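Student: Got a file for you: final23.txt, compact mmCIF, C-alpha atoms and all ligand atoms.
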# COMPACT_ATOMS: atom_id res chain seq x y z
CA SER A 59 -15.56 -5.43 18.46
CA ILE A 60 -15.69 -1.92 17.02
CA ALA A 61 -19.01 -0.41 15.96
CA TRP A 62 -17.59 1.47 12.97
CA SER A 63 -19.29 4.66 11.84
CA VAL A 64 -17.40 6.82 9.35
CA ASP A 65 -19.92 8.79 7.27
CA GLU A 66 -18.69 12.08 8.74
CA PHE A 67 -15.28 11.61 7.12
CA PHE A 68 -16.74 11.24 3.62
CA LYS A 69 -19.04 14.28 3.42
CA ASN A 70 -17.00 16.04 0.75
CA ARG A 71 -15.42 13.06 -1.00
CA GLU A 72 -16.96 10.03 -2.68
CA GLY A 73 -15.17 7.13 -1.00
CA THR A 74 -15.02 3.73 0.62
CA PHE A 75 -13.42 2.29 3.76
CA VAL A 76 -12.65 -1.39 4.38
CA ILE A 77 -11.31 -2.57 7.72
CA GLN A 78 -10.81 -5.97 9.32
CA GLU A 79 -9.28 -7.17 12.58
CA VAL A 80 -7.16 -10.16 11.64
CA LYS A 81 -9.25 -12.61 13.70
CA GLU A 82 -12.51 -11.42 12.11
CA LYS A 83 -14.04 -13.55 9.35
CA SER A 84 -15.02 -10.64 7.11
CA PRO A 85 -14.16 -6.96 6.77
CA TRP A 86 -16.42 -4.11 7.81
CA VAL A 87 -17.26 -2.00 4.76
CA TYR A 88 -18.42 1.56 4.17
CA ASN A 89 -19.79 2.06 0.62
CA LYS A 90 -19.84 -1.56 -0.56
CA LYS A 91 -20.40 -0.57 -4.19
CA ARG A 92 -17.09 1.26 -4.43
CA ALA A 93 -15.32 -1.27 -2.19
CA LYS A 94 -15.78 -4.02 -4.80
CA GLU A 95 -14.83 -1.79 -7.75
CA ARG A 96 -11.29 -2.27 -9.10
CA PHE A 97 -9.05 0.77 -9.46
CA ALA A 98 -5.50 1.28 -10.69
CA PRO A 99 -3.34 0.69 -7.57
CA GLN A 100 -1.09 3.67 -8.31
CA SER A 101 1.82 3.82 -5.85
CA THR A 102 0.21 1.24 -3.55
CA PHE A 103 1.61 -1.31 -6.01
CA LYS A 104 5.06 -0.60 -4.48
CA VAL A 105 4.13 -3.09 -1.72
CA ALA A 106 3.74 -5.97 -4.19
CA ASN A 107 6.58 -4.72 -6.41
CA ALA A 108 9.00 -4.74 -3.45
CA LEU A 109 7.97 -8.26 -2.43
CA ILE A 110 8.50 -9.49 -5.99
CA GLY A 111 11.80 -7.63 -6.43
CA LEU A 112 13.17 -9.23 -3.28
CA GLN A 113 11.79 -12.68 -4.09
CA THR A 114 13.29 -12.70 -7.60
CA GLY A 115 16.63 -11.26 -6.44
CA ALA A 116 16.17 -8.12 -8.56
CA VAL A 117 17.03 -6.24 -5.37
CA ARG A 118 19.12 -7.42 -2.40
CA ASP A 119 17.35 -5.89 0.61
CA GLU A 120 15.73 -2.67 1.87
CA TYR A 121 19.14 -0.96 1.61
CA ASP A 122 19.78 -1.77 -2.06
CA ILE A 123 21.09 1.50 -3.51
CA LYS A 124 20.20 2.63 -7.02
CA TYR A 125 21.90 5.66 -8.51
CA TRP A 126 20.08 8.69 -9.78
CA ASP A 127 20.56 8.92 -13.55
CA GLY A 128 20.88 12.70 -13.49
CA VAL A 129 17.47 13.21 -15.09
CA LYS A 130 15.62 16.04 -13.39
CA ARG A 131 12.21 14.79 -12.37
CA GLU A 132 9.14 16.55 -11.03
CA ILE A 133 9.78 15.94 -7.33
CA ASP A 134 13.11 17.30 -6.09
CA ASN A 135 13.52 14.57 -3.50
CA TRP A 136 13.51 12.01 -6.31
CA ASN A 137 16.60 13.61 -7.85
CA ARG A 138 19.15 11.74 -5.74
CA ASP A 139 20.27 8.21 -4.94
CA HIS A 140 17.67 6.00 -3.25
CA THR A 141 17.23 2.57 -1.72
CA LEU A 142 14.37 0.09 -1.93
CA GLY A 143 13.25 1.33 1.49
CA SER A 144 13.66 5.07 0.98
CA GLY A 145 11.99 4.49 -2.40
CA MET A 146 8.87 3.18 -0.71
CA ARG A 147 8.79 5.89 1.98
CA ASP A 148 9.27 8.68 -0.59
CA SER A 149 7.36 6.86 -3.37
CA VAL A 150 10.27 7.13 -5.78
CA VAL A 151 8.80 5.93 -9.05
CA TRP A 152 12.04 5.72 -11.03
CA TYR A 153 13.53 3.29 -8.49
CA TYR A 154 10.54 0.97 -8.69
CA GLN A 155 10.42 1.24 -12.48
CA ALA A 156 14.07 0.18 -12.71
CA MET A 157 13.28 -2.74 -10.40
CA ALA A 158 10.21 -3.73 -12.45
CA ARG A 159 12.33 -3.81 -15.62
CA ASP A 160 14.84 -6.10 -13.87
CA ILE A 161 12.05 -8.36 -12.63
CA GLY A 162 10.83 -8.55 -16.21
CA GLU A 163 7.50 -9.42 -17.80
CA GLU A 164 7.54 -13.19 -17.23
CA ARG A 165 8.38 -13.10 -13.55
CA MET A 166 6.14 -10.10 -12.84
CA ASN A 167 3.27 -11.82 -14.57
CA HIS A 168 3.73 -14.99 -12.57
CA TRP A 169 3.94 -13.33 -9.17
CA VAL A 170 1.09 -10.89 -9.77
CA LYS A 171 -1.08 -13.89 -10.66
CA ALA A 172 0.24 -15.94 -7.73
CA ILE A 173 -0.78 -13.30 -5.19
CA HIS A 174 -4.14 -12.70 -6.92
CA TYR A 175 -3.53 -9.00 -7.36
CA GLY A 176 -6.83 -7.76 -8.76
CA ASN A 177 -7.24 -8.37 -12.49
CA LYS A 178 -3.54 -9.32 -12.67
CA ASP A 179 -3.18 -7.44 -15.96
CA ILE A 180 0.30 -6.00 -16.53
CA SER A 181 -0.04 -5.63 -20.32
CA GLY A 182 0.12 -1.84 -19.92
CA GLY A 183 3.91 -2.16 -19.93
CA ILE A 184 6.47 -3.60 -17.52
CA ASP A 185 7.26 -0.24 -15.86
CA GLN A 186 3.90 1.45 -16.47
CA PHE A 187 1.15 -1.02 -15.66
CA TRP A 188 0.32 0.18 -12.13
CA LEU A 189 -0.30 3.87 -12.95
CA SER A 190 -3.80 4.53 -14.29
CA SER A 191 -3.18 1.65 -16.64
CA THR A 192 -4.20 -1.98 -17.15
CA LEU A 193 -3.77 -3.33 -13.60
CA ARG A 194 -6.71 -2.73 -11.25
CA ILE A 195 -7.54 -3.95 -7.74
CA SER A 196 -10.48 -3.32 -5.43
CA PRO A 197 -10.30 -1.99 -1.88
CA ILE A 198 -11.65 -5.35 -0.68
CA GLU A 199 -8.88 -7.11 -2.66
CA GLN A 200 -6.22 -4.81 -1.17
CA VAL A 201 -7.34 -5.83 2.32
CA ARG A 202 -7.27 -9.52 1.37
CA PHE A 203 -3.72 -9.15 0.03
CA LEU A 204 -2.47 -7.08 2.97
CA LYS A 205 -4.05 -9.51 5.46
CA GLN A 206 -1.98 -12.26 3.88
CA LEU A 207 1.13 -10.06 4.02
CA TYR A 208 0.51 -9.33 7.69
CA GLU A 209 -0.19 -12.98 8.54
CA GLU A 210 2.75 -14.07 6.37
CA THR A 211 0.72 -16.50 4.27
CA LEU A 212 1.67 -15.11 0.85
CA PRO A 213 3.95 -17.40 -1.22
CA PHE A 214 7.01 -15.22 -0.51
CA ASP A 215 9.97 -16.07 1.72
CA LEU A 216 9.26 -15.04 5.32
CA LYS A 217 12.31 -12.79 5.32
CA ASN A 218 11.00 -10.81 2.35
CA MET A 219 7.60 -10.26 3.94
CA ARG A 220 9.24 -9.04 7.16
CA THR A 221 11.49 -6.70 5.17
CA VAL A 222 8.60 -5.16 3.26
CA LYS A 223 6.55 -4.69 6.44
CA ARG A 224 9.50 -2.82 8.03
CA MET A 225 9.66 -0.63 4.90
CA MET A 226 5.96 0.20 5.34
CA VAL A 227 6.21 1.72 8.83
CA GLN A 228 4.40 5.06 8.70
CA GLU A 229 3.78 6.04 12.32
CA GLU A 230 5.36 4.85 15.54
CA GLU A 231 3.46 5.46 18.78
CA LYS A 232 3.71 4.14 22.35
CA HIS A 233 0.99 1.54 21.82
CA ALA A 234 0.75 1.27 18.03
CA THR A 235 2.58 1.05 14.72
CA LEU A 236 0.83 2.11 11.54
CA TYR A 237 2.00 0.46 8.33
CA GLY A 238 0.81 1.76 5.00
CA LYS A 239 1.21 3.29 1.59
CA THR A 240 -0.44 6.18 -0.29
CA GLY A 241 -1.49 6.15 -3.93
CA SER A 242 -2.56 9.00 -6.23
CA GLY A 243 -3.40 9.63 -9.86
CA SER A 244 -6.40 10.19 -12.14
CA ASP A 245 -8.47 11.25 -9.09
CA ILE A 246 -7.96 7.88 -7.41
CA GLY A 247 -6.82 8.38 -3.84
CA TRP A 248 -5.54 5.40 -1.87
CA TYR A 249 -4.29 4.68 1.57
CA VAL A 250 -3.82 1.00 2.35
CA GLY A 251 -2.07 -0.82 5.17
CA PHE A 252 -2.56 -2.11 8.67
CA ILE A 253 -2.34 -0.89 12.22
CA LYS A 254 -1.01 -2.94 15.09
CA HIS A 255 -2.47 -1.64 18.36
CA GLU A 256 -1.59 -3.68 21.44
CA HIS A 257 -2.80 -7.24 20.76
CA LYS A 258 -5.15 -6.28 17.92
CA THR A 259 -4.24 -5.71 14.26
CA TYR A 260 -6.54 -4.05 11.73
CA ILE A 261 -6.05 -4.40 7.98
CA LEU A 262 -7.45 -1.43 6.06
CA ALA A 263 -8.05 0.26 2.74
CA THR A 264 -9.31 3.77 2.07
CA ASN A 265 -10.18 4.69 -1.49
CA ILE A 266 -11.64 7.99 -2.62
CA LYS A 267 -12.26 10.19 -5.56
CA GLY A 268 -9.41 12.46 -4.60
CA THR A 269 -5.75 12.17 -3.62
CA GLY A 270 -3.58 9.78 -1.61
CA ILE A 271 -2.84 12.47 0.95
CA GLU A 272 -6.57 13.06 1.40
CA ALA A 273 -7.13 9.30 1.77
CA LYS A 274 -4.36 9.09 4.35
CA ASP A 275 -5.88 11.99 6.30
CA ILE A 276 -9.31 10.33 6.33
CA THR A 277 -7.65 7.13 7.56
CA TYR A 278 -5.86 8.86 10.44
CA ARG A 279 -9.09 10.57 11.50
CA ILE A 280 -10.97 7.26 11.58
CA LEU A 281 -8.22 5.49 13.52
CA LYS A 282 -8.04 8.38 15.97
CA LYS A 283 -11.82 8.41 16.47
CA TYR A 284 -11.59 4.82 17.61
CA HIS A 285 -8.41 5.28 19.65
CA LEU A 286 -6.33 2.92 17.50
CA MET A 287 -4.08 5.91 16.92
CA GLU A 288 -3.14 8.41 19.59
CA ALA A 289 -4.55 11.91 19.41
CA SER A 290 -2.26 14.87 18.73
CA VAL A 291 -1.45 15.44 22.40
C1 LIG A 301 1.89 7.10 -6.42
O1 LIG A 301 0.75 7.02 -6.03
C2 LIG A 301 2.29 7.96 -7.58
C3 LIG A 301 3.75 8.37 -7.39
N1 LIG A 301 3.86 8.73 -5.97
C4 LIG A 301 3.94 9.97 -5.74
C5 LIG A 301 4.13 10.56 -4.42
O2 LIG A 301 4.60 11.71 -4.35
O3 LIG A 301 3.84 9.90 -3.39
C6 LIG A 301 3.80 10.79 -6.97
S1 LIG A 301 2.17 11.48 -7.08
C7 LIG A 301 2.41 13.12 -7.70
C8 LIG A 301 2.98 14.04 -6.62
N2 LIG A 301 2.37 15.33 -6.91
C9 LIG A 301 1.35 15.28 -7.94
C10 LIG A 301 0.06 15.97 -7.50
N3 LIG A 301 -0.26 15.61 -6.13
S2 LIG A 301 -1.76 15.23 -5.72
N4 LIG A 301 -2.77 16.31 -6.33
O4 LIG A 301 -2.09 13.92 -6.21
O5 LIG A 301 -1.86 15.22 -4.28
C11 LIG A 301 1.12 13.79 -8.17
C12 LIG A 301 4.12 9.73 -8.02
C13 LIG A 301 3.53 10.08 -9.39
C14 LIG A 301 1.95 7.24 -8.90
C15 LIG A 301 2.97 6.19 -9.32
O6 LIG A 301 0.67 6.62 -8.80
When written as structure tokens, how does the structure in this file appear?
Tutor:
Amino acid sequence: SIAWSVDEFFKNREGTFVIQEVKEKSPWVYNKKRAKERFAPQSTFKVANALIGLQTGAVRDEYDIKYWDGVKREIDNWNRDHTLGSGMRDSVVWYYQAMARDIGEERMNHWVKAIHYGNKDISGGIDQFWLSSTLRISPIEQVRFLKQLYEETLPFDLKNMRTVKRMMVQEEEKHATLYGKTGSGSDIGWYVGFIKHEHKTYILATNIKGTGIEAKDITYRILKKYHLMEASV
């Protein structure tokens, strides 16, 4: 068991860290107050959105191509054709908005409720509800959801859970694979996912007052401290 200590990574940011080995009964929590507070999921919702898009048949697989509509958006890399998988890696909002519209209100509502995704409130709008809007989920709830994704106990087809986990690969190392997703907006910084290291798997959520990139950085530093992730050798 790991004697977690992470205060040194949160000196300049208000934040929380939730982490749980999959055989452990409960997560370890830094800043329990913030860990139980629900926040807009921002781009971390792409994990659930992709599962639901695949389950409903709104998209075919991780290679389902959608065509750029020629509208120049804020991030250059968005201004080209994308797939479900490249859309998750590059957090391509327009792809996932198009998918959400195809899923539609009734199916999205059902599946968001079925997986107990925070307050389950998508009334903010079918392609808007996850960005600083009506839907909110706590860091503890993200870990509960991602634990079920990892252990394949969500009410999705096995194939769809395996597809989405492949789409989430963030770092590949000799003895580990990090899976995860950043979220940013309205000073809510997320990094959520799980790390497989040898025969142990840790489900995690980092949430700060700050950005997704900052949350991801904090996460890497914690995982490195405890040798779940290799150092920069
Ligand atoms: C996801 O969290 C957001 C969407 N994903 C994005 C991404 O690039 O991963 C962008 S966030 C956008 C990029 N640059 C702006 C400022 N960056 S900062 N200060 O946050 O680091 C913000 C896109 C909006 C969203 C759906 O929540």
Student: Against ligand LIG 301 (chain A), which residues of chain A fall within 9 Å? For each one I want the closest pair of atoms and the distance in Å (one decimal), counting all atoms listed in the file, rows by chain and increasing residue number, as JSON lines.
Tutor:
{"residue": "A:98", "atom": "CA", "partner": "A:LIG301", "partner_atom": "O6", "distance": 8.4}
{"residue": "A:99", "atom": "CA", "partner": "A:LIG301", "partner_atom": "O6", "distance": 7.3}
{"residue": "A:100", "atom": "CA", "partner": "A:LIG301", "partner_atom": "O6", "distance": 3.5}
{"residue": "A:101", "atom": "CA", "partner": "A:LIG301", "partner_atom": "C1", "distance": 3.3}
{"residue": "A:102", "atom": "CA", "partner": "A:LIG301", "partner_atom": "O1", "distance": 6.3}
{"residue": "A:103", "atom": "CA", "partner": "A:LIG301", "partner_atom": "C15", "distance": 8.3}
{"residue": "A:104", "atom": "CA", "partner": "A:LIG301", "partner_atom": "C1", "distance": 8.5}
{"residue": "A:132", "atom": "CA", "partner": "A:LIG301", "partner_atom": "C8", "distance": 8.0}
{"residue": "A:133", "atom": "CA", "partner": "A:LIG301", "partner_atom": "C8", "distance": 7.1}
{"residue": "A:146", "atom": "CA", "partner": "A:LIG301", "partner_atom": "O3", "distance": 8.8}
{"residue": "A:147", "atom": "CA", "partner": "A:LIG301", "partner_atom": "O3", "distance": 8.3}
{"residue": "A:148", "atom": "CA", "partner": "A:LIG301", "partner_atom": "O3", "distance": 6.2}
{"residue": "A:149", "atom": "CA", "partner": "A:LIG301", "partner_atom": "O3", "distance": 4.7}
{"residue": "A:150", "atom": "CA", "partner": "A:LIG301", "partner_atom": "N1", "distance": 6.6}
{"residue": "A:151", "atom": "CA", "partner": "A:LIG301", "partner_atom": "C15", "distance": 5.8}
{"residue": "A:186", "atom": "CA", "partner": "A:LIG301", "partner_atom": "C15", "distance": 8.6}
{"residue": "A:188", "atom": "CA", "partner": "A:LIG301", "partner_atom": "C15", "distance": 7.1}
{"residue": "A:189", "atom": "CA", "partner": "A:LIG301", "partner_atom": "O6", "distance": 5.1}
{"residue": "A:190", "atom": "CA", "partner": "A:LIG301", "partner_atom": "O6", "distance": 7.4}
{"residue": "A:239", "atom": "CA", "partner": "A:LIG301", "partner_atom": "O1", "distance": 8.5}
{"residue": "A:240", "atom": "CA", "partner": "A:LIG301", "partner_atom": "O1", "distance": 5.9}
{"residue": "A:241", "atom": "CA", "partner": "A:LIG301", "partner_atom": "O1", "distance": 3.2}
{"residue": "A:242", "atom": "CA", "partner": "A:LIG301", "partner_atom": "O1", "distance": 3.9}
{"residue": "A:243", "atom": "CA", "partner": "A:LIG301", "partner_atom": "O6", "distance": 5.2}
{"residue": "A:244", "atom": "CA", "partner": "A:LIG301", "partner_atom": "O4", "distance": 8.2}
{"residue": "A:245", "atom": "CA", "partner": "A:LIG301", "partner_atom": "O4", "distance": 7.5}
{"residue": "A:246", "atom": "CA", "partner": "A:LIG301", "partner_atom": "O4", "distance": 8.5}
{"residue": "A:247", "atom": "CA", "partner": "A:LIG301", "partner_atom": "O4", "distance": 7.7}
{"residue": "A:248", "atom": "CA", "partner": "A:LIG301", "partner_atom": "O1", "distance": 7.7}
{"residue": "A:268", "atom": "CA", "partner": "A:LIG301", "partner_atom": "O4", "distance": 7.6}
{"residue": "A:269", "atom": "CA", "partner": "A:LIG301", "partner_atom": "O4", "distance": 4.8}
{"residue": "A:270", "atom": "CA", "partner": "A:LIG301", "partner_atom": "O5", "distance": 6.3}
{"residue": "A:271", "atom": "CA", "partner": "A:LIG301", "partner_atom": "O5", "distance": 6.0}
{"residue": "A:272", "atom": "CA", "partner": "A:LIG301", "partner_atom": "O5", "distance": 7.7}
Student: Nearest residue to residue 85 in chain A out of A:60, A:212, A:142, A:156, using all atoms listed in the file?
Tutor: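 Checking each of A:60, A:212, A:142, A:156 against residue 85 in chain A, counting all atoms listed in the file, the winner is A:60.
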Student: Please measure the separation of CA of residue 97 in chain A and CA of residue 167 in chain A, giving the value in Å to one decimal.
Tutor: 18.3 Å
Student: Would you write out, as a tab-separated table, a table of all residues in range 79-191 of chain A that have an atom no more than 9 Å from an atom of range 198-208 of chain A, listing for each the closest atom pair and the distance in Å to one decimal, considering all atoms listed in the file and ordering rows by chain and rising residue number?
Tutor:
residue	atom	partner	partner_atom	distance
A:80	CA	A:205	CA	6.9
A:85	CA	A:198	CA	8.0
A:87	CA	A:198	CA	8.5
A:93	CA	A:198	CA	5.7
A:94	CA	A:198	CA	6.0
A:95	CA	A:198	CA	8.5
A:96	CA	A:199	CA	8.4
A:99	CA	A:200	CA	8.9
A:173	CA	A:203	CA	7.3
A:174	CA	A:203	CA	7.8
A:175	CA	A:199	CA	7.4
A:176	CA	A:199	CA	6.5
Student: Can you tell me which residues surround range 118-131 of chain A at a distance of at most 6 Å, considering all atoms listed in the file, apart from same-chain residues fewer than 4 positions away, and format the answer as a list in words?
Tutor: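 Once the nearby chain positions are removed, what remains is residues 138, 139, 140, 141, 142 and 143 of chain A.
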Student: Could you give me the axis-aligned bounding box of range 157-173 of chain A, with 4 Å of padding per side, as centre plus edge lengths in Å to one decimal, as AutoDock Vina command-line options?
Tutor:
--center_x 6.9 --center_y -9.3 --center_z -11.5 --size_x 23.9 --size_y 21.2 --size_z 20.6
Student: Using all atoms listed in the file, can you tell me which of A:223, A:258, A:233, A:168 comes closest to residue 288 in chain A?
Tutor: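 Selected residue with least distance to residue 288 in chain A: A:233.
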Student: I'd like the interatomic distance between CA of residue 112 in chain A and CA of residue 259 in chain A, to a tenth of an Å.
Tutor: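 Computing the Euclidean distance for CA of residue 112 in chain A and CA of residue 259 in chain A yields 25.0 Å.
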Student: Mind pulling up the distance from CA of residue 273 in chain A to CA of residue 78 in chain A?
Tutor: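 Computing it gives 17.4 Å between the two atoms.
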Student: Select, from A:256, A:111, A:287, A:134, the residue with the minimum atom-to-atom distance to residue 229 in chain A, counting all atoms listed in the file.
Tutor: A:287
Student: Restricting the calculation to only C-alpha atoms, which member of A:79, A:116, A:86, A:164 is positioned closest to residue 64 in chain A?
Tutor: A:86
